[PDB]
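Q: Dropping the structure in here first, questions after.
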Amino acid sequence: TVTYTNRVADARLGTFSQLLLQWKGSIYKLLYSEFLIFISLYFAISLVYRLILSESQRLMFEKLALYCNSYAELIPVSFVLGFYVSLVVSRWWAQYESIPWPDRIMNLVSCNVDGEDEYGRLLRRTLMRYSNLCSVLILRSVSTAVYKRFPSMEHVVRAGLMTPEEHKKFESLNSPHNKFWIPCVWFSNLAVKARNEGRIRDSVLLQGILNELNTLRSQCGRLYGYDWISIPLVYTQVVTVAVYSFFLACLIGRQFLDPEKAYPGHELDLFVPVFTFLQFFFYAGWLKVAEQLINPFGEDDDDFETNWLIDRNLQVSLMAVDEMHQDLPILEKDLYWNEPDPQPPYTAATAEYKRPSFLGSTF
Amino acid sequence: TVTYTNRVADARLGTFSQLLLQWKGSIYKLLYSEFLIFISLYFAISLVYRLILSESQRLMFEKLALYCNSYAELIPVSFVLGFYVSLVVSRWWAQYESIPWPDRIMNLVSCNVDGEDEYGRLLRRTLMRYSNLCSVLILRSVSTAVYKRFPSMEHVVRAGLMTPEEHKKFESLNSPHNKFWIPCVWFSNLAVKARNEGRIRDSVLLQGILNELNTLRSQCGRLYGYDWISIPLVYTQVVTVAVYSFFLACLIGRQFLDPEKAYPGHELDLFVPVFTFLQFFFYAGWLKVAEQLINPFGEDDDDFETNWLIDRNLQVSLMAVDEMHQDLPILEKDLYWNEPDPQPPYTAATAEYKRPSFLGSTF
Amino acid sequence: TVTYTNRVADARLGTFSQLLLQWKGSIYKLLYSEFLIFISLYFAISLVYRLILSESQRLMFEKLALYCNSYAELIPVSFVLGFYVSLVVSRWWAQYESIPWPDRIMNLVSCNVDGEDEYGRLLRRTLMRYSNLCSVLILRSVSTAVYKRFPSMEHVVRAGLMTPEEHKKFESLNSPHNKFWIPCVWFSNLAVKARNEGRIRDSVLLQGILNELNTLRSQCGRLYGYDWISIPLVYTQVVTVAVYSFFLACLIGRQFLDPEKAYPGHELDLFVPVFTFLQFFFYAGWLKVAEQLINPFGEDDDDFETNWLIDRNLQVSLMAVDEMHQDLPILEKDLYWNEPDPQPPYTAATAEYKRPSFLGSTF
Amino acid sequence: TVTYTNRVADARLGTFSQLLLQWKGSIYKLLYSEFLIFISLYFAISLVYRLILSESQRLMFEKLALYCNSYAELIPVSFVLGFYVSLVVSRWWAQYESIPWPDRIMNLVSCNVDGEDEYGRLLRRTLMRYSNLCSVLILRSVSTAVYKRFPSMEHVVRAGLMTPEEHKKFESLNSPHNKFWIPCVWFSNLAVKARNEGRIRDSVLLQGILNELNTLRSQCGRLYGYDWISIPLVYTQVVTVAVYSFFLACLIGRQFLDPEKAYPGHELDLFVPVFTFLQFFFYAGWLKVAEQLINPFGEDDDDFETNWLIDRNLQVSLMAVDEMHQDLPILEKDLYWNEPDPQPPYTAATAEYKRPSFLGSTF
Amino acid sequence: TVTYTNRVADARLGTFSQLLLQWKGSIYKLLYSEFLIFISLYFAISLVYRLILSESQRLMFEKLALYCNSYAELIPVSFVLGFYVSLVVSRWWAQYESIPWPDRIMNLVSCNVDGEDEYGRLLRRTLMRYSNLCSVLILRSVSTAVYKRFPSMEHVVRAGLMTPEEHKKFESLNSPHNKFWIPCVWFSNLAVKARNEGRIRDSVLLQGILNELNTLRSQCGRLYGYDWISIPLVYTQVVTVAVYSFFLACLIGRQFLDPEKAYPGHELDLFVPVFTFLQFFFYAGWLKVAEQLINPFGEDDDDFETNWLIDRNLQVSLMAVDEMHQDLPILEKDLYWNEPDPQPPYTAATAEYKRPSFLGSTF
Ligand SMILES: [Ca+2]
Ligand SMILES: [Ca+2]
Ligand SMILES: [Ca+2]
Ligand SMILES: [Ca+2]
Ligand SMILES: [Ca+2]
C-alpha cells in the first residue's frame, strides 16, 4: 500500500500539512476526473447565466437558484457517509487479518518432522508447499492483482507452486466448485503418512500441526466469505444517491447571482466559489474512501500488495524447513551470566528516554 | 447474493455511477411499490389544491402547508436510521459467520479414520453425512429458502441426506423440542465406536475430532439464537414511525404553493418536486436496507444463497473422505530444490507490481 | 420473546407497515400510560388558555410559549438516546450469549463415559444433572421470571433438579456468598471419580470434559457480572432528564396560540397537534427500547423466555446421555454411494433458486 | 457498585421516573458542587445587570449577551461527548472482565491434585493461595480502594495472604519492577513439584492446570495495561474545554435581557432560567459519566467493589480445595428415572409463562 | 505514556478542571505552533481592515466577511472528526495488545525444562533470550524510539540480546525480507532438541510450550501488520481538508466588522474573539488526538514507552528461569488452616467499605 507511518511518528508542525502535497494514493489522484466534470458543468451554467439568458429568463433562473439552495444542506449527508465508511473500514481491516501467513505452520513443521536425510528434507518442503498452494488458490480467486499474474493453472505450474504430477491429480478430482480446499486436504494426509513412518514422534505433535492447518483453512474461508458476500448493493446505492443529490443542488444553488438585485445570501459576485469547491474535495473525497476500500484486493494504490506477499511466503517457508531444520548457533554464555540486573546501553539521542519503572498508579 | 466485487475493484470514474443502473437487488426493485403510492398520494393533493379547492379553502390549506413544513426536518430521522441499520448490519454479518462449514471436520475425518476397505470407507461417509444433516436440520428451521425445498422429513430422506433406517430411529426419539442436535450426538457415538475398533489410533486424535464437532454445534446454536431472538419489535416500530412521520409531513409541506401570494420559501412553481423525490429514494431506501437484511435467510435478491451451499457441502464432504483418503500425488523435487531465492515470474500486465520488500517503517 | 422473523423474511410492500398493527410487545403496550398522562397534561393547559385566562394573562402566557419553543430542539436529545440505546443493545445480546447451553458437555458425556449397566447409566444422568443445576442456580439469582418459579431451595428439590441428599450437603457447606459455583465443583470431582473406576479411558478425554465445564462456568460468571455491574446510574439519569426536559418544553411551546395576533410560527389553530404527538411516539418510544432491554430477564413481553429454556435443557440432556448412549442407527450405504456428483432434488417453488457455483469474483 | 437491576426488570410507568429520586451514586451527588458554582456565578451577573450597571453600561452588556448567545450552540458539543463517553464505557466493561476469578483454576486443583492426607491437603491450599496472591498484588497496584487496605507488604502478611517465610523469599528476589508476576511463577513450580511426587497422574492434567494459570496471568496483564496506558490526556482535555466553553457562553448569553427594548429572543423576563439549568444537568451530568468511569477502581459510589471480591475469592477458593475435595453427595436415582418427558412444576404466578416449544421461525 | 489515573480515581470538584493546567503531553504542547500561526494570520487581517483599507475597500471586505461566515459551520466537521478519531483510537488500543509479553512462555519454560545443573540452566536462559530477541527485532522495525536505540545489528550484539556466534548465523541466512521470524524458529528447534535429551518429559508439555510461541509469533505479526497497513491516506487527507477549510473561513467570517453600519450578527466590536479561539482549541485539538495516536510508537509524550519495556522483559525473563527454577518457599500452614470463614482485616479508612455479599438482583 502507501505507507506514511515514518512521516507521522511525531506531532510536529507540518505533520498533516505535508500529507496534502503527496500525489501517490492521494485524494487528488482519485478525484482527478470527477473534479473536471464538476468544473465544466459549473462554469457552463455560469456562462449561460452571464451571457446567454435574457432578462426575463435570468429572473426565472434566480428563483431556481434559491430553490436549490434550500435542499443543499450538508448535515444528513454526513450521517450516511459516516456509517457507511465505518462499515467499509471495519470490513477492510478484517480482510487483512484473513490473509494467511505460513509462519505458524512453519514453526511446527521445521521442528517436529524429523530427518536430516534426502527423504525427510523432501517431506518438509512438500508440506510447506501445500500450505502456500492453499493460499495462492484463494488469492487468485479474490484478487485481481494475483489473477493477472496467474490467469490459468498452467501459470501456477510454471511458477513452481505445483509440480506437473500434482496438476494431473488436481484435474482428475472432478468437482464444479472452487478447489482451494484440495491442497489443505493433501496437507492432512501427508502429515498422517509422515507419522506412520516415524517422522513425527507422538500424536500430540501431529494434532498440533493439524490444528494450525485448520486455522489456515479458516483464514482462507474468510477471504472466500468477504469476496462472495459483498456490502449490500442497496446500501451502496443509497450513499451514492445522497452524494450526487447534494452536488446536483450545488450546481444551481451555489451560483453567484446578480448582486444588483441583492438577494439575501448572494450579496457578492466573486466569479469562482472557493468554499463550494472545498466541499467537493471533502464530500466526494470521503466517498472515494469507500470506493477504494470496498475491494482492497484490486489494483488501486492503497489496495493490498498481495503479489509481493506470495513471493515472501514462498521464500521464507522453504528456508525455515530446509536450511534451518536443526541448524542452530552454538550455545554460549551471554553477557549477563553473572549480572542479575541487566542494563542494556543507551545511545546519545535516546538517553533522555530512561524512565523509572512504572510500579502502578497507586504509588 | 448479488456480487459486484469485480466491478468495484478499482476506483475509476464510473465506479459507483454504474451501480445505479443495475436492477437486480437494487434500490429500485425494493422501492417500486412504495414510490407509486407516494407519487399517487402527492399529485392527488396537488390536483385538489389546483382544481377543486375554492379561494377561502386554498388559504386554509396554505396555512396547513406551512405548519407541516416546520416538522419536516431531516436531522433527527437520520440519527435513528443510522443506529438501527448499524445494528442490523452487525447482526447480518454475524449470521453469515454462523453458517456451518464442514471443512474443518472434513480434514480430520479424511486422515485420522483409517481403513481403505469397504467398512472403513463406509465409516467416513457416515461421519460426514451426520455433519451435513446436523446443518440441514438447522437451516430448514431458520431459512424459508430451505424449508420450501425440504417441507417435511420425507423430503430429507428422498434427497439422500438421511437413510430410511435413520428416520425410523429419528422418530422414535420422542421429544417435543427441535431435533437439530440429534445428528451431532450420533457423530459423537460413531466416532467413539470407531476408536474402539481401532480405526482411530490415539485419544488425542479422537478429542481433536470431537472438538471440531462442538465448534460446529456452537455454529448451529448461533443460527438458532439469531432466529429466535429477533431485533426488539419496539425498536423496529420506532424507526418505521419516524420514517412515515417524515413522509407524512412531506406530502403537505412540500407542495408548491401559489407564488402570487409569495410566501417565504415557495417563490417558484415547478409542478414536480425534484429534490423531495430524491429524499424519498434516500430515506425510504435506507429503510429498505433494514427491511432486507433483518432476515437474511429469506428469498430476497440479497439474502443468503443457502440452497446452493447445501449442494456444495454435500459434494465436497463426500469427495474428500472417499476419493481423497490416502490418495496423494507422487512426491517429487520442485523447481526450487537448489535455489535459495525463489523468484516466481511475472506476466506483462503485472510486471509493474514488483515492489521492493517492506522492511519496516523505521528504515 | 416476540418473534416476527417469519413476517420480515422478504421486503414486500407492507413489510414494516404491518408491524405497527401488532399489540403484543409493541410500542403501544409500553407507552399506554405515558401517553394518557401527556394528553391530559396537554389539553389541561389548552383549556386554561382558551377558557380560564384573562386577556392580560393570555398575553403573559404567549410570551412563555415562545420562550419554551426555543429550547424545544430535537437534535441534541437524539445524540444521547443514540449512544445510550447502542450501549443497552450491545449489553442485551451479550447476555443472551452468556445463557449456558448444556449441549457441548452433552456430546462428550454421552460418548466418553462408558457403561451400559445400571451404574454407568446413573453416572451419566448425575453429571448432566449437575450441569443443569449449575445453570438453574445462576438464573434464579438474575431472572425474576425464574425466581418466582423457584422462590426457595425447597422448590428446587420438588422439581427434581436436586435430590434431598444433595440439599443436605448443600446446606452444610457454610458460606455467606452465592452458591452457584458448588454444582460445578461436584461435576469435577465426579468426573475424576469416574476416571479412577475406568469409566473414562484416557486423561485426554477427561480434560476434554473438564474444559467444557469451565466454559460453562465462564458463561455463568458473565451472567453474574451483567447482573451485579449495571449500566451506571448517572448515565441512566442523564438520558431520562433530557427526554423529560424535551417533553416539558413541548407542553408549553407546542400550544396553538391565538392566530389573530399572528405570531411567526403559530399562524394556524388546529386544536390538536398531530406532529407533536408523533414525536412523542418517536422519542418516548425510543426511550422504552432502553427501559425494556436494560434487564432482559424480567417479565416484559420481549425479555428472555428462560423458564421455557430450563424445561428444554432438562429434557434434552437426560435424553442424550440415557436413551442415546451407544444407540445408533444401523450403518447402510446411502443413495450417493456410486455417484461422485450428488444432486439433491428441487421442489417446484424452489427450482428457480438453482444458482451456478460461485467460483470467485475474479472469474 | 450501585445495583438497580431489580427495579428496572419490567417496563412499568414509573420505571425511569423513580430513578431520579435516588441519591446514592446519582447525578445529584456528583453535580452538587458544580451546580452551586454555576448558580452563584449566574445570579452574580444578573444582580450586576439589574442593580449595579448604569444605562450606558447596560446597553454595552446587552450587545455582549447577544454575541455570546450565538456561540452557545448545543450540537457540536454533543458529538464529542458522545464519542468520548463511548470510549470510556467500552474501556469500563473491559476492565471488569479483566478482574481475575479463581474459579477456573479452583475446579482443576480441587480434583486433579490427589491426596486426602495432611500433605495433599496442604498442597491444594498453597496452590490456591498463590492464585489469590497473584491477584491481590495487581489489585493493590491499580485500585486505591485496595491500596488503602494493604498499604505495605506487612499488611499482606497480617491478612494471611502471605506467610512470613514467603515474604523472606519475596524480598530476596531483587527486582526494581513490579512483582505481581512472582506468585504466578511459584504456582508453576509447585504444580510441577506436585507432579513429580505423583500427586497429579498425567501430563495432560498438568498442562490443563498450567493453561488456566496463564489465563489468569493474562487477566492480570490487562489490569496492568489499562492502568498504565490511560485515555490520552489531549483527548480528555478536548472534551472538558468544549463543555466549559459552552457553560461560559451560557453565563452571558442566557441572561434575561430587559424586555422593554424587545430584543428578538428575550421578550420575557422570568428571573430564573428553567431550561438553561436543565441543560446543565444534561451536559455537565454527561461529563460526570466520564469523570466517574475513567478510573473504575477508585472510591466513587459506582467504582468496582474490589475489597469485597478479595474476601469472596479467599473464602471460596480455600473451601473448594479443602472441604469439597472428593466429598460428594451419595449417588441416587432422581425423580425422572423412568419418565422420558420431565415436566418441572410451575407456581401460581408463573403458570401463564408456559410457552410452547420454539421449533423455528419457518414453522 | 502520561499516566494520570491516580488523579481521576474519584469524581471530585476539580477532577477534570485540574487536568487543563498540566503541560506534559497536553493540548497546549501540541497546539503551540499552530496557535501562533492562527493568531498572526488573524490580527494581520484585522490590522489591514482597521488601518490599511480605504472606505470603498472596507465595503468590499465586509461583503466577503459575510460570505465566509455562511460556510463556517461547525456541524459536518464534527461528524468526520468523530468517525476518524474513533478509528484511530480503536487501532491505538489494538496495537498495545499486540506488544508481546514473555510471561506466558516464562511460566512454562521455568517449570517444564528440567535440570539444575550448568547445561540445564544454560538451556532455559537461551530459550527466553530468543523470545526477547524475536520481540526486539519487530519493535526496532516499527518504533522510532527503539530504532534510535538499536540502529544496526551491532548494537543488538553489544546489548547482550544476541551473542556474536548467533549474528554469524543470522547473516548467513540470506533473505531479502525482514528477519524477525528467525529467532522464533530457533526457539522451536531448541525446544525439540531439549525434548530429545530428556529435558522435557512428555510431548504434551512440548506442545504447550510451542503453542505459547505461536501466540507470541501472532503478536509480532500484528505489529508488522499495523505498521505496514496504515490508515488510508485518502481518509487522512479528507479530515485535514475539512479542518483547514473551517479555519480558513474563520479567518474572514469571524472578523469584527464595523458596528456603525450594524450588520446582523456583528453589532459589537470587541477587538479579540474569545469564542472563536476556544473553537480553535476544540477542533484543532481534536485533530491533534489523531495526529498523536496515528503512530503510537514514535517519540510523542503519549506514545508507548517501549524502550522501558525491553529493559523490563529482559530482566524479568532471565530471573524467573534462572533464580526461580524449582526454588520455592517452604510449605507451611497458613492462618486459616482451621477457620472455614476467613475474614481478612480492614484498616481505619477502609472499614466503611464492608459490604454484605451480593447474592443476586432477585433477592
Ligand atoms: Ca480497491
Ligand atoms: Ca430478507
Ligand atoms: Ca425488561
Ligand atoms: Ca471513578
Ligand atoms: Ca505519535
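Naming scheme: A, B, ... for chains in displayed order of the C-alpha cells; residues 1 onward per chain; ligands 1 onward as shown.
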Please identify every polymer residue within 9 Å of ligand 2, using only C-alpha atoms and all ligand atoms, and present the set as a list in words.
A: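 After applying the 9 Å limit, what remains is residues 290, 291, 292, 293, 294, 295, 296, 297, 298, 299, 300, 301, 302, 303 and 304 of chain B; 8, 9, 10 and 11 of chain C.
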Q: For the residues in the current selection, export N, CA, C and O atoms as a PDB file, in the first residue's frame.
A:
ATOM      1  N   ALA B 290     -32.667  -1.930   5.975  1.00  0.00           N
ATOM      2  CA  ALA B 290     -33.052  -2.648   7.180  1.00  0.00           C
ATOM      3  C   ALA B 290     -34.109  -3.704   6.893  1.00  0.00           C
ATOM      4  O   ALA B 290     -34.102  -4.761   7.524  1.00  0.00           O
ATOM      5  N   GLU B 291     -35.028  -3.444   5.954  1.00  0.00           N
ATOM      6  CA  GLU B 291     -36.089  -4.417   5.695  1.00  0.00           C
ATOM      7  C   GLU B 291     -35.566  -5.656   4.997  1.00  0.00           C
ATOM      8  O   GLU B 291     -36.170  -6.727   5.101  1.00  0.00           O
ATOM      9  N   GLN B 292     -34.465  -5.534   4.280  1.00  0.00           N
ATOM     10  CA  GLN B 292     -33.963  -6.657   3.516  1.00  0.00           C
ATOM     11  C   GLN B 292     -32.989  -7.506   4.314  1.00  0.00           C
ATOM     12  O   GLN B 292     -32.933  -8.722   4.113  1.00  0.00           O
ATOM     13  N   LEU B 293     -32.248  -6.904   5.237  1.00  0.00           N
ATOM     14  CA  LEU B 293     -31.227  -7.608   5.994  1.00  0.00           C
ATOM     15  C   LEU B 293     -31.689  -8.071   7.363  1.00  0.00           C
ATOM     16  O   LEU B 293     -30.901  -8.688   8.079  1.00  0.00           O
ATOM     17  N   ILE B 294     -32.925  -7.772   7.765  1.00  0.00           N
ATOM     18  CA  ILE B 294     -33.360  -8.155   9.102  1.00  0.00           C
ATOM     19  C   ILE B 294     -33.605  -9.657   9.182  1.00  0.00           C
ATOM     20  O   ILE B 294     -33.531 -10.244  10.264  1.00  0.00           O
ATOM     21  N   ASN B 295     -33.849 -10.304   8.045  1.00  0.00           N
ATOM     22  CA  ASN B 295     -33.854 -11.760   7.948  1.00  0.00           C
ATOM     23  C   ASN B 295     -33.102 -12.096   6.671  1.00  0.00           C
ATOM     24  O   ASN B 295     -33.687 -12.088   5.578  1.00  0.00           O
ATOM     25  N   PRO B 296     -31.805 -12.389   6.761  1.00  0.00           N
ATOM     26  CA  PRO B 296     -31.022 -12.676   5.561  1.00  0.00           C
ATOM     27  C   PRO B 296     -31.142 -14.099   5.049  1.00  0.00           C
ATOM     28  O   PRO B 296     -30.340 -14.498   4.203  1.00  0.00           O
ATOM     29  N   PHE B 297     -32.100 -14.879   5.533  1.00  0.00           N
ATOM     30  CA  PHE B 297     -32.302 -16.233   5.051  1.00  0.00           C
ATOM     31  C   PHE B 297     -33.601 -16.380   4.281  1.00  0.00           C
ATOM     32  O   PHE B 297     -34.046 -17.502   4.035  1.00  0.00           O
ATOM     33  N   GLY B 298     -34.214 -15.275   3.888  1.00  0.00           N
ATOM     34  CA  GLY B 298     -35.449 -15.339   3.142  1.00  0.00           C
ATOM     35  C   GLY B 298     -35.216 -15.516   1.661  1.00  0.00           C
ATOM     36  O   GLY B 298     -34.296 -16.223   1.249  1.00  0.00           O
ATOM     37  N   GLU B 299     -36.038 -14.866   0.842  1.00  0.00           N
ATOM     38  CA  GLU B 299     -35.968 -15.031  -0.601  1.00  0.00           C
ATOM     39  C   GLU B 299     -35.762 -13.712  -1.330  1.00  0.00           C
ATOM     40  O   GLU B 299     -36.133 -13.596  -2.500  1.00  0.00           O
ATOM     41  N   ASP B 300     -35.174 -12.719  -0.671  1.00  0.00           N
ATOM     42  CA  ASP B 300     -34.785 -11.502  -1.359  1.00  0.00           C
ATOM     43  C   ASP B 300     -33.612 -11.783  -2.291  1.00  0.00           C
ATOM     44  O   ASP B 300     -32.987 -12.845  -2.253  1.00  0.00           O
ATOM     45  N   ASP B 301     -33.293 -10.804  -3.131  1.00  0.00           N
ATOM     46  CA  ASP B 301     -32.158 -10.976  -4.022  1.00  0.00           C
ATOM     47  C   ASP B 301     -30.820 -10.848  -3.315  1.00  0.00           C
ATOM     48  O   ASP B 301     -29.798 -11.199  -3.910  1.00  0.00           O
ATOM     49  N   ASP B 302     -30.797 -10.361  -2.079  1.00  0.00           N
ATOM     50  CA  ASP B 302     -29.557 -10.179  -1.341  1.00  0.00           C
ATOM     51  C   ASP B 302     -29.534 -11.031  -0.079  1.00  0.00           C
ATOM     52  O   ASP B 302     -28.605 -10.921   0.724  1.00  0.00           O
ATOM     53  N   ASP B 303     -30.537 -11.880   0.119  1.00  0.00           N
ATOM     54  CA  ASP B 303     -30.460 -12.862   1.179  1.00  0.00           C
ATOM     55  C   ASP B 303     -29.476 -13.961   0.788  1.00  0.00           C
ATOM     56  O   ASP B 303     -29.040 -14.067  -0.359  1.00  0.00           O
ATOM     57  N   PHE B 304     -29.129 -14.787   1.762  1.00  0.00           N
ATOM     58  CA  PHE B 304     -28.054 -15.750   1.584  1.00  0.00           C
ATOM     59  C   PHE B 304     -28.497 -16.912   0.710  1.00  0.00           C
ATOM     60  O   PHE B 304     -29.588 -17.456   0.880  1.00  0.00           O
TER      61      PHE B 304
ATOM     62  N   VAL C   8     -40.881 -10.855   8.276  1.00  0.00           N
ATOM     63  CA  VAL C   8     -39.993  -9.893   7.646  1.00  0.00           C
ATOM     64  C   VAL C   8     -38.898 -10.599   6.865  1.00  0.00           C
ATOM     65  O   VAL C   8     -37.798 -10.063   6.696  1.00  0.00           O
ATOM     66  N   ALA C   9     -39.195 -11.804   6.377  1.00  0.00           N
ATOM     67  CA  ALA C   9     -38.222 -12.543   5.580  1.00  0.00           C
ATOM     68  C   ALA C   9     -37.960 -11.858   4.247  1.00  0.00           C
ATOM     69  O   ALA C   9     -36.807 -11.727   3.828  1.00  0.00           O
ATOM     70  N   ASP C  10     -39.009 -11.395   3.582  1.00  0.00           N
ATOM     71  CA  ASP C  10     -38.886 -10.712   2.307  1.00  0.00           C
ATOM     72  C   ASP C  10     -39.215  -9.236   2.472  1.00  0.00           C
ATOM     73  O   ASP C  10     -39.881  -8.828   3.424  1.00  0.00           O
ATOM     74  N   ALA C  11     -38.744  -8.431   1.525  1.00  0.00           N
ATOM     75  CA  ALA C  11     -39.018  -6.998   1.532  1.00  0.00           C
ATOM     76  C   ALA C  11     -40.191  -6.727   0.597  1.00  0.00           C
ATOM     77  O   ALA C  11     -40.033  -6.307  -0.547  1.00  0.00           O
TER      78      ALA C  11
END
Q: Tell me as number ranges by chain which residues belonging to chain A come within 7 Å of chain D, counting only C-alpha atoms.
A: A: 357, 359-362
Q: Would you write out those residues with N, CA, C and O atoms, as a compact mmCIF listing (two decimals), in the first residue's frame?
A:
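Result file follows (selection36.txt):
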# COMPACT_ATOMS: atom_id res chain seq x y z
N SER A 357 10.90 2.82 36.58
CA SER A 357 9.98 1.72 36.33
C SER A 357 8.59 2.05 36.84
O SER A 357 8.43 2.55 37.96
N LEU A 359 5.54 1.38 38.63
CA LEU A 359 5.16 0.42 39.65
C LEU A 359 3.66 0.27 39.77
O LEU A 359 3.20 -0.71 40.36
N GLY A 360 2.89 1.19 39.24
CA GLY A 360 1.45 1.20 39.40
C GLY A 360 0.99 2.60 39.74
O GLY A 360 1.73 3.43 40.26
N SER A 361 -0.28 2.87 39.43
CA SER A 361 -0.79 4.22 39.62
C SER A 361 -1.04 4.56 41.07
O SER A 361 -1.13 5.74 41.41
N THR A 362 -1.15 3.57 41.95
CA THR A 362 -1.41 3.86 43.35
C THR A 362 -0.17 4.26 44.12
O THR A 362 -0.28 4.58 45.30
Q: So that I can check the secondary structure, give me every residue of segment 99-346 of chain D assigned alpha helix (DSSP H) by backbone DSSP, as a ChimeraX atom specification.
A: /D:103-112,118-142,144-147,153-158,164-172,183-196,203-228,233-250,274-293,306-320
Q: Take atom CA of residue 127 of chain C and atom CA of residue 168 of chain C and report the distance between them in Å, one decimal.
A: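 Atom-to-atom, atom CA of residue 127 of chain C to atom CA of residue 168 of chain C, that is 18.5 Å.
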Q: What's the 8 Å shell around segment 183-189 of chain D, counting only C-alpha atoms, without same-chain residues fewer than 6 positions away, as an NGL selection string?
A: (:D and (127 or 130-131 or 133-134 or 210 or 213 or 217)) or (:E and (107-108 or 110-111 or 320 or 324-328))
Q: Would you mind exporting the chosen residues as a PDB file, in the first residue's frame, restricted to N, CA, C and O atoms?
A:
ATOM      1  N   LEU D 127      -1.554 -23.958  46.527  1.00  0.00           N
ATOM      2  CA  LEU D 127      -1.750 -23.608  45.123  1.00  0.00           C
ATOM      3  C   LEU D 127      -2.788 -22.511  44.966  1.00  0.00           C
ATOM      4  O   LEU D 127      -2.563 -21.532  44.250  1.00  0.00           O
ATOM      5  N   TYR D 130      -1.561 -19.026  46.182  1.00  0.00           N
ATOM      6  CA  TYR D 130      -0.731 -18.290  45.235  1.00  0.00           C
ATOM      7  C   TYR D 130      -1.577 -17.613  44.171  1.00  0.00           C
ATOM      8  O   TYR D 130      -1.242 -16.518  43.713  1.00  0.00           O
ATOM      9  N   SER D 131      -2.670 -18.252  43.758  1.00  0.00           N
ATOM     10  CA  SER D 131      -3.525 -17.654  42.742  1.00  0.00           C
ATOM     11  C   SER D 131      -4.304 -16.471  43.289  1.00  0.00           C
ATOM     12  O   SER D 131      -4.679 -15.576  42.528  1.00  0.00           O
ATOM     13  N   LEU D 133      -2.913 -14.559  45.780  1.00  0.00           N
ATOM     14  CA  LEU D 133      -1.853 -13.584  45.995  1.00  0.00           C
ATOM     15  C   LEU D 133      -1.411 -12.939  44.693  1.00  0.00           C
ATOM     16  O   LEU D 133      -1.037 -11.766  44.680  1.00  0.00           O
ATOM     17  N   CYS D 134      -1.493 -13.664  43.580  1.00  0.00           N
ATOM     18  CA  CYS D 134      -1.165 -13.087  42.284  1.00  0.00           C
ATOM     19  C   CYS D 134      -2.236 -12.111  41.812  1.00  0.00           C
ATOM     20  O   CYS D 134      -1.991 -11.358  40.866  1.00  0.00           O
ATOM     21  N   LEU D 210      -1.793 -25.658  34.080  1.00  0.00           N
ATOM     22  CA  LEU D 210      -0.913 -24.569  33.676  1.00  0.00           C
ATOM     23  C   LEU D 210      -1.519 -23.687  32.597  1.00  0.00           C
ATOM     24  O   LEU D 210      -1.107 -22.534  32.465  1.00  0.00           O
ATOM     25  N   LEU D 213      -3.596 -21.202  34.535  1.00  0.00           N
ATOM     26  CA  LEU D 213      -2.771 -20.203  35.197  1.00  0.00           C
ATOM     27  C   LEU D 213      -2.447 -19.060  34.250  1.00  0.00           C
ATOM     28  O   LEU D 213      -2.582 -17.886  34.608  1.00  0.00           O
ATOM     29  N   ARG D 217      -2.875 -15.148  34.324  1.00  0.00           N
ATOM     30  CA  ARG D 217      -1.772 -14.218  34.139  1.00  0.00           C
ATOM     31  C   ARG D 217      -2.093 -13.187  33.066  1.00  0.00           C
ATOM     32  O   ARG D 217      -1.698 -12.023  33.187  1.00  0.00           O
TER      33      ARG D 217
ATOM     34  N   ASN E 107       6.383 -18.797  32.191  1.00  0.00           N
ATOM     35  CA  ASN E 107       5.887 -19.747  33.179  1.00  0.00           C
ATOM     36  C   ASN E 107       6.194 -21.179  32.776  1.00  0.00           C
ATOM     37  O   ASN E 107       6.551 -22.002  33.621  1.00  0.00           O
ATOM     38  N   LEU E 108       6.070 -21.491  31.491  1.00  0.00           N
ATOM     39  CA  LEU E 108       6.217 -22.869  31.051  1.00  0.00           C
ATOM     40  C   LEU E 108       7.673 -23.277  30.910  1.00  0.00           C
ATOM     41  O   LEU E 108       8.007 -24.436  31.154  1.00  0.00           O
ATOM     42  N   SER E 110      10.110 -22.072  32.757  1.00  0.00           N
ATOM     43  CA  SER E 110      10.664 -22.119  34.101  1.00  0.00           C
ATOM     44  C   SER E 110      10.250 -23.342  34.898  1.00  0.00           C
ATOM     45  O   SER E 110      10.692 -23.480  36.039  1.00  0.00           O
ATOM     46  N   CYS E 111       9.414 -24.219  34.358  1.00  0.00           N
ATOM     47  CA  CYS E 111       8.966 -25.353  35.147  1.00  0.00           C
ATOM     48  C   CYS E 111       9.111 -26.660  34.385  1.00  0.00           C
ATOM     49  O   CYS E 111       9.331 -27.712  34.989  1.00  0.00           O
ATOM     50  N   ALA E 320      13.220 -15.426  36.185  1.00  0.00           N
ATOM     51  CA  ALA E 320      12.262 -16.467  36.504  1.00  0.00           C
ATOM     52  C   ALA E 320      12.687 -17.840  36.018  1.00  0.00           C
ATOM     53  O   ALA E 320      12.230 -18.841  36.576  1.00  0.00           O
ATOM     54  N   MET E 324      14.537 -18.671  39.885  1.00  0.00           N
ATOM     55  CA  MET E 324      13.272 -19.153  40.419  1.00  0.00           C
ATOM     56  C   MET E 324      12.902 -20.535  39.911  1.00  0.00           C
ATOM     57  O   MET E 324      11.798 -21.009  40.192  1.00  0.00           O
ATOM     58  N   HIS E 325      13.785 -21.196  39.174  1.00  0.00           N
ATOM     59  CA  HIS E 325      13.531 -22.563  38.738  1.00  0.00           C
ATOM     60  C   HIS E 325      13.678 -23.510  39.918  1.00  0.00           C
ATOM     61  O   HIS E 325      14.791 -23.726  40.403  1.00  0.00           O
ATOM     62  N   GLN E 326      12.548 -24.067  40.367  1.00  0.00           N
ATOM     63  CA  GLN E 326      12.464 -25.030  41.472  1.00  0.00           C
ATOM     64  C   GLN E 326      13.044 -24.483  42.772  1.00  0.00           C
ATOM     65  O   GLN E 326      13.576 -25.234  43.589  1.00  0.00           O
ATOM     66  N   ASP E 327      12.944 -23.175  42.975  1.00  0.00           N
ATOM     67  CA  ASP E 327      13.362 -22.523  44.212  1.00  0.00           C
ATOM     68  C   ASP E 327      12.097 -21.984  44.864  1.00  0.00           C
ATOM     69  O   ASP E 327      11.673 -20.860  44.598  1.00  0.00           O
ATOM     70  N   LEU E 328      11.502 -22.788  45.715  1.00  0.00           N
ATOM     71  CA  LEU E 328      10.217 -22.465  46.293  1.00  0.00           C
ATOM     72  C   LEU E 328      10.374 -22.054  47.747  1.00  0.00           C
ATOM     73  O   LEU E 328      11.333 -22.457  48.410  1.00  0.00           O
TER      74      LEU E 328
END
Q: Please provide the set of residues having any atom within 10 Å of segment 194-199 of chain E, restricted to only C-alpha atoms, with same-chain residues fewer than 5 positions apart removed, written as a PyMOL selection string.
A: chain E and resi 112-115+120+123-124+188-189+205-206
